Amino acid sequence: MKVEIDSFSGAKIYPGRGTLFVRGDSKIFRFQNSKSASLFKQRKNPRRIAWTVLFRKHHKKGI
Amino acid sequence: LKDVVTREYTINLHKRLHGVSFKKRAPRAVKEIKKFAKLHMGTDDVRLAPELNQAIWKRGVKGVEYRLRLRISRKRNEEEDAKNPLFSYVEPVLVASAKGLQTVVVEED
Amino acid sequence: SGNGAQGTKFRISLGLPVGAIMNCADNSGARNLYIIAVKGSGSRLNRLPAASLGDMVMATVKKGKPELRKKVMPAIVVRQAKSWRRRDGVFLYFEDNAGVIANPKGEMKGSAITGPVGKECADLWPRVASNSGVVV
Amino acid sequence: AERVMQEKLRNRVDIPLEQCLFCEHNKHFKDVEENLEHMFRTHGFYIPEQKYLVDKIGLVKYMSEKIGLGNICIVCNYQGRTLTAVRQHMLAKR
RNA sequence: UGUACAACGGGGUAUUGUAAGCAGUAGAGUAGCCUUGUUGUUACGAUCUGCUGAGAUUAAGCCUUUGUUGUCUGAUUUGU
RNA sequence: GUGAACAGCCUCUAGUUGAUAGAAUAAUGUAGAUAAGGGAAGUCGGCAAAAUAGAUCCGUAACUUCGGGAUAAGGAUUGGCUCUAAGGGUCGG
Ligand SMILES: [Mg+2]
Ligand SMILES: [Mg+2]
Ligand SMILES: [Mg+2]
Ligand SMILES: [Mg+2]
Ligand SMILES: [Mg+2]
Ligand SMILES: [Mg+2]
Ligand SMILES: [Mg+2]
Ligand SMILES: [Mg+2]
Ligand SMILES: [Mg+2]
Ligand SMILES: [Mg+2]
Ligand SMILES: [Mg+2]
Ligand SMILES: [Mg+2]
Ligand SMILES: [Mg+2]
Ligand SMILES: [Mg+2]
Ligand SMILES: [Mg+2]
Ligand SMILES: [Mg+2]
Ligand SMILES: [Mg+2]
Ligand SMILES: [Mg+2]
Ligand SMILES: [Zn+2]
Ligand SMILES: [Zn+2]
């Protein structure tokens, strides 16, 4: 089966979990839960949020 | 018979005050301490050193701390015989954090 | 959903109560779809008849050309914002409620559809899936 | 440590004895008495227990080694890059 | 007197979203001193970076437990 | 102190801490809140609630007893921080 990845937090998404959003054009956003979801509805950037995957790349955290 | 003790307990107040009325919250802690000390050393006669009072109220009625470090002493009752020969006395210990401290017998001297 | 449709469809949550207003995704030149009836429509005291994705509805046009306005016609629901649970386990939803005008059989009034359409609609009405773009 | 010792050696900054440390132009005075009276009034330099000192001409050399080579503030731990830096600062937060 | 129970403490598990403190040739400018700037600096200064997915919270109806301390005989009635 | 403000909100001088208590936390309640998609399809009737609200700027209709209408309608901005400029009095030519 398929384990996706979140379009916000980059977290691991297992089958049936979270929601799958169809944006006003073709776009598809898949959330691991309601946390990463609502954030998206507040228009927040994933690069300014501490714990997301996309952040830990930006700031050279980890590696 | 029972013998004349002292100990140092950390109490979890956070759990015992869970979901109390914000206005009656602190006053519970007073009862939850007297009940707690009738647990250990089932003395049933429990008194509160007014410093401890200032500890329980220091943060206001709604602001009681999560953890207290409490020095409890079992002692003998005097004159005027009460149903008990025996006593209970709780007073504070001034400490940085109530965290990660183990119950300890303070050897009296 | 109704008749004129090819096949059956799995039960999906009803996100369009009667009187709901959704957009028109075709070129018929309508700004609106107003929902006065549904073609499946189980019948019970007090329950509002509810459409969903791929269901047939009888609607009027509040916004648009006067020629398409002020009469009742069949329409179909290709996007709905109230989310549902597909049998594959995923929950999903769209960004709005959209619909396309269609005759009794399900033959499109318009020749094209704007935005993406649910697969649950596209398997039911192949005449829709025809003029469609990317599904789901 | 080798980079800070090579940068301090290439700067050659041994501050002389009668020369005042804390002012920018490094004023020169005729004796060790005159800048030790003058460092007291303008800047506020004071030598604790003047009564007890043996090496007080060498308490001058240990202090000029703080601002001389490694270029350090007497209080802060603040590290200037130049003699100017540590000097400019001592005059700064006072 | 137990593979006993509890109060703490340890882990797991989660919730939030990066603590205090220190440090910083990060920082719009502004005010001082100069060798007057291929990176001149010194002070005041929202914020930012590093220690830091860090601190805090974690059962009150979560999981677990080789640790710390402690509890373990009061009352009443019942007969074919 | 906030602020336009004798508004609301917190504090000082003074004054109370007095209005039966404990234990729980079911239904029904009274007072108070929040709700996915829909948005009056409810109801005799938008009844109740919701939304709008301060300010500074821009814009502002039919009609009018020419005074209004008009905050009409309708748009944008609002923290914190470092700066910049403009705005005065007294005394000596
Ligand atoms: Mg509760
Ligand atoms: Mg009815
Ligand atoms: Mg951080
Ligand atoms: Mg910090
Ligand atoms: Mg806190
Ligand atoms: Mg006032
Ligand atoms: Mg009284
Ligand atoms: Mg009464
Ligand atoms: Mg709702
Ligand atoms: Mg909504
Ligand atoms: Mg609406
Ligand atoms: Mg009606
Ligand atoms: Mg009716
Ligand atoms: Mg009426
Ligand atoms: Mg009303
Ligand atoms: Mg009007
Ligand atoms: Mg307006
Ligand atoms: Mg601004
Ligand atoms: Zn000097
Ligand atoms: Zn210093």
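Chains as they are written, first to last, in the entry's author numbering: chain W, 1 to 63; chain d, 4 to 112; chain V, 2 to 137; chain y, 145 to 238. Virtual Cβ for every residue (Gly too), placed ideally from N, Cα, C.
Span separating the alpha-carbon of residue i from that of residue j
i             : j        : result
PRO50/V       : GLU121/V : 20 Å
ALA32/d       : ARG80/V  : 56 Å
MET74/V       : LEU125/V : 19 Å
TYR190/y      : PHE173/y : 18 Å
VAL64/d       : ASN56/d  : 12 Å
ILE114/V      : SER34/W  : 31 Å
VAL118/V      : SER133/V : 7 Å
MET57/V       : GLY22/d  : 50 Å
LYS57/W       : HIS17/d  : 39 Å
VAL135/V      : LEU46/V  : 39 Å
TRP85/V       : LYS61/W  : 38 Å
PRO160/y      : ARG185/y : 20 Å
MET207/y      : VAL219/y : 11 Å
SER112/V      : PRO127/V : 13 Å
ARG48/W       : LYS110/V : 47 Å
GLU111/d      : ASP48/d  : 21 Å
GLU94/d       : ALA52/d  : 5 Å
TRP60/d       : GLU68/d  : 9 Å
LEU180/y      : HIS187/y : 11 Å
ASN4/V        : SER26/W  : 29 Å
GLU178/y      : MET149/y : 32 Å
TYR14/W       : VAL22/W  : 19 Å
residue 108/y : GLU209/y : Nothing in the structure corresponds to residue 108/y, since chain y is present only between 145 and 238.
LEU15/V       : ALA21/V  : 12 Å
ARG17/W       : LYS83/V  : 17 Å
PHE39/d       : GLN105/d : 16 Å
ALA58/d       : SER100/d : 13 Å
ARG225/y      : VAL176/y : 27 Å
is_contact[residue i, chain V] using C-beta, thresh 9 Å
i       : result
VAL22/W : yes
Interface partners of residue i on chain W, CB under 8 Å
i       : result
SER84/V : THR19
Contacts of residue i in chain V (Cβ-Cβ under 9 Å)
i       : result
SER26/W : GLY116, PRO117, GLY134, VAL135
Within chain W, the residues that residue i reaches when beta carbons sit closer than 9 Å
i       : result
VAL91/V : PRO15, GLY16, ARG17, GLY18, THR19, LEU20, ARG30
Chain W within 9 Å of residue i, Cβ atoms only
i       : result
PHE95/V : yes
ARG45/V : no
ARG80/V : yes
Which of helix, strand or coil DSSP assigns to residue i
i        : result
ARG70/d  : strand
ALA99/V  : strand
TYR206/y : helix
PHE55/W  : helix
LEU55/d  : helix
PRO127/V : helix
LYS66/V  : coil
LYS12/W  : strand
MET44/d  : coil
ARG154/y : helix
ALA82/V  : coil
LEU16/d  : helix
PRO105/V : coil
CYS122/V : helix
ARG10/d  : strand
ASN179/y : helix
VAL136/V : strand
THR19/W  : strand
Quiz: which residues have CB nearer than 5 Å to ligand 19 non-hydrogen atoms: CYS164/y, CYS167/y
Below 6 Å from a heavy atom of ligand 20 - residues by beta-carbon: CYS217/y, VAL219/y, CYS220/y, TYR222/y, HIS233/y, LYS237/y
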